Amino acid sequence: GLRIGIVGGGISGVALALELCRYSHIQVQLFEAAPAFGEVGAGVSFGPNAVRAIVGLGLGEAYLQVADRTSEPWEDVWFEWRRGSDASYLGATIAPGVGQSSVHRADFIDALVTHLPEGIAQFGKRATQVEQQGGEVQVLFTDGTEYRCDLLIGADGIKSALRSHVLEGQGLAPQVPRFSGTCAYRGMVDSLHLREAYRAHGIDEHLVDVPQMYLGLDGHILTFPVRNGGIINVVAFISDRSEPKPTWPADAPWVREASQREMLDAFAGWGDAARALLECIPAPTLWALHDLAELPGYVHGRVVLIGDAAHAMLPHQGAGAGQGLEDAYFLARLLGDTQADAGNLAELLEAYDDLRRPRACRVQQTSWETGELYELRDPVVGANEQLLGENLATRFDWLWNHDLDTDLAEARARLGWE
């Protein structure tokens, strides 16, 4: 048998726990970490690879209960690309059978938690000490209880407390969240209100019902409908690429209230469609976008990082949540295998570190490069609209259409399995 503990009740941690409990030879316990809010950033979305992992983990019922997808006949459109100056059409990116899929983060976490069998969740207590020696991990909690397991999963988010345990154990330098220099205004607009605002400037009503991204120099604005198209979610990005490589105040949360004036002034000089959209946003907030560096390793002994704890990224490819789900599916398939025991666990974790980390780190890198492309800063594309529109239609396929089962087949071959 295998005793597995998971620290962190986010999407990645609860998803892994739900699948790991389906195996009779595995005993799982799920513990809470520090709650988050400012770390949500631009939000949560699901690409084609994410929904595939969700189905592979058996979480389709919870996903259908809460996820938001664009109404027919635009169900497969990921985004339409437009110039921020005049809202002219540049192209579109299509995700067949998925399109633009998003969720309120708390809605999906709550839906997943309700499906947990009794006795798996051990909430209401926090880990105060974590030690390991000879293939076993010991965790001491605030209530005096101690949990000892063969494997401890660090799924506690971008400010993971367990990441320091992993980086120190491997002798690597510590890693804290890095401010990207990009801030994002967030808000929601009633769809009928936005239609009347667009019509007043002669803007097509098509731009309300289909997800849109308005591209400009050092900034971009995205919209997509939620709640059966009755509400339009808006994220307006502003990037400071000046000399300093900027920082965020150490005593400042990553989110604050924003004034309408400062938001409209930040997009002064943008087109009529973009400014009319921003004027519709009530009570806007501003979010300081952070990510994590590419870690040299995710494993130290019997402690392993997944999700944002291992590979927190910028949201420009909508790939953050999906990479944590790919971590959960990859690990649960190997751990759930009959041939998995405590004797080959170190071998199993080495396959995870050799096959999951290089892909996740590449997604971290490409997410930053994609943001540079959105804001007309790519060193080759620049503002070439023909090349920009063509590359935007294709540059996401390696992420969306990756077959994770080929990585698992390579892991088993390295383990001499099946």
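All residue numbers are counted from 1 along the displayed sequence.
S.K.: Which has higher Cα B-factors on average according to the PDB entry: 183-191 or 131-139?
M.R.: Comparing 131-139 with 183-191, the higher mean C-alpha B-factor belongs to 131-139.
S.K.: Do the C-alpha atoms of 148-156 or of 165-173 have the higher average B factor in the entry?
M.R.: On average, C-alpha B-factors are higher across 165-173.
S.K.: Reading the B-factor column of the entry, which of 204, 308, 107, 327 has the highest value at its C-alpha atom?
M.R.: Max CA B-factor in the entry, restricted to 204, 308, 107, 327: 204.
S.K.: Between 318, 225, 284, 246, where does the Cα B-factor run highest in the record?
M.R.: Largest recorded C-alpha B-factor: 246.
S.K.: Taking the values exactly as deposited, rank residue 406 by C-alpha B-factor within its chain and report the matching third: lowest, middle or highest.
M.R.: As the PDB entry reports it, the C-alpha B-factor of residue 406 lands in the highest third of its chain.
S.K.: Hey, what third does residue 50 fall into on Cα B-factor, ranked over its chain?
M.R.: Within its chain, residue 50 is a lowest-third residue by C-alpha B-factor, going by the deposited values.
S.K.: Compare the C-alpha B factor of residue 394 with those of the other modelled residues in its chain, then answer lowest, middle or highest third.
M.R.: According to the entry, residue 394 has a C-alpha B-factor in the chain's middle third.
S.K.: Within this chain's modelled residues, let me know which third the CA B factor of residue 41 belongs to: lowest, middle or highest.
M.R.: Middle third by C-alpha B-factor.
S.K.: Would you mind ranking residue 61 by its C-alpha B-factor against the rest of the chain and naming the third, lowest, middle or highest?
M.R.: Ranked within chain, residue 61 CA B lands in the lowest tercile.
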